[PDB]
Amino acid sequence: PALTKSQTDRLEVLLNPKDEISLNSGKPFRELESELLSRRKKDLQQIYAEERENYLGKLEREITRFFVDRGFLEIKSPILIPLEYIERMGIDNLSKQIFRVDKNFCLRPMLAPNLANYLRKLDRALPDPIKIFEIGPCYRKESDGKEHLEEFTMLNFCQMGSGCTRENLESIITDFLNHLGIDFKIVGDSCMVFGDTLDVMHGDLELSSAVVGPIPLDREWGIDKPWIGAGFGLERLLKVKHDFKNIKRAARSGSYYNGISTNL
């Protein structure tokens, strides 16, 4: 017998990349569902008995240790930010992707504006070079795709002062992704906010956009020294590490725990 779209969708929810199960071999839906339910219950029971850490939380902690140990200050800045930061970043009325809150606020779509404010302020107190990073939630309205979430998690690290060359930026990216065990290439791209970017690609998947300053936008943020920085999506890193078909498996969710369906 043949499987309906609803039946295939249910089996796909329960299927994991490590499995080797053909959904349309002729085995009835009831037995495919029962087999996958048993595998997923066993997987969740093993996590509960032996590990207990959330993939997104554990990755944030691993990344934090990497950057702290390399001399970058750990930042935790507001998620709810002034709407004025949007226009000030050069997001001309992308601007359609912004989640507005009340009338003067929004959910941050990126970490860069708050990190620019920290670079400017810390430059008055700390020795050259200034090295900082932040990991946390960012928000964009997106067309539902396999690589986009509306609520995702960004890492942005950046440096201002000496050492702010393309070669040093590439070297940090290389050390970071070598630490995570992720192969990549660098390709040029461009964006409306920062201009030319160095995009870090794993196949066709964009892991990061990186920027070598100065850029004209600097003046609007009081930045007046060379700088480099890069933004990475943590859910995309997890998608690569675990071979997930859809980025939803990696997201903050009530529907998946460490890539395992919670509808069991």
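We number the residues from 1 along the sequence you see.
The modelled chain breaks after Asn93 and resumes at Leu94, leaving 1 to 3 residues of the deposited sequence without coordinates. When the mean C-alpha temperature factors of 169 to 177 and 187 to 195 are read from the deposited coordinates, 187 to 195 comes out higher.
Between 83 to 91 and 129 to 137, the higher mean Cα B-factor belongs to 83 to 91. Residue-level inspection of the entry shows that, of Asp218, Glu206, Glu33, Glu62, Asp218 has the top Cα B-factor. Ranked by C-alpha B-factor against the other modelled residues of its chain, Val13 falls in the lowest third. Ranked within its chain, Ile98 lands in the highest third, by CA B factor from the PDB record. Per the deposited record, the Cα B-factor of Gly71 falls in the middle third when ranked against the other modelled residues of its chain.
Residue-level temperature factors show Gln46 in the middle third of its chain, judged at the C-alpha atom. Split the chain's modelled residues into thirds by C-alpha temperature factor. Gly213 is in the middle one.
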